[PDB]
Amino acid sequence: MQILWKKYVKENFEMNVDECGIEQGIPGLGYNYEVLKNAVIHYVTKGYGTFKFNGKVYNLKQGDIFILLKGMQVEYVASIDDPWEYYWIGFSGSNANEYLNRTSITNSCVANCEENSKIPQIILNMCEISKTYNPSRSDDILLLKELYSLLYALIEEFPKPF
């Protein structure tokens, strides 16, 4: 029921691309679970949905981001009228977790990408690569390069105060 759901092996422990996904929601349907994966950033490419976390209910649309971190009790559901499509990057590693603690997003776990954000292009590009993933053509190197670019862009656009 996903356009794309590429799951990668966990062979790197400093920086690792765990999975890349694309899902068109069905109206009024979503997911309600305790997050098991290390970290999963979602980018809303179309339509509307809601993200519920820690007593707060966010009405998200095209351009918005939400991030799932291990242990979060979450619910995210497509709108009954105009159901969202989202792209996601799951990632892990000691370096990945250190870089996430340098961004302001890991508190509220929701954000909006600005006009000239570099984040949408990186997430879309990582999902594009994932559709024809070929490690013998060194797609593994390119995905890690993009993951470093993505975490740099998150810190650049959503900095924690120094």
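Residue numbers here begin at 1 and follow the sequence given. For the two forms, the rigid core is made up of the largest set of C-alpha atoms that agree within 1.5 Å on superposition.
Stretch departing more from the displayed form, 10-18 or 150-158, Cα RMS in 4 other deposited structures of this protein (core fit):
The stretch that sits farther from the shown form in 4 other deposited structures of this protein is 10-18.
Between the two ranges 25-33 and 111-119, the one averaging a larger CA B factor in the entry:
It is 111-119 that shows the higher mean C-alpha B-factor.
Quick check: 144-152 versus 5-13, which has the larger average CA B-factor in the record?
On average, C-alpha B-factors are higher across 5-13.
Where does residue 51 sit by CA temperature factor within its chain: lowest, middle or highest third?
CA B-factor rank for residue 51: middle third.
Could you tell me which third, lowest, middle or highest, the C-alpha B-factor of residue 38 occupies within its chain?
Lowest third - that is where residue 38 ends up once the chain's C-alpha B-factors are sorted.
Would you mind ranking residue 102 by its C-alpha B-factor against the rest of the chain and naming the third, lowest, middle or highest?
It falls in the bottom third of the chain.
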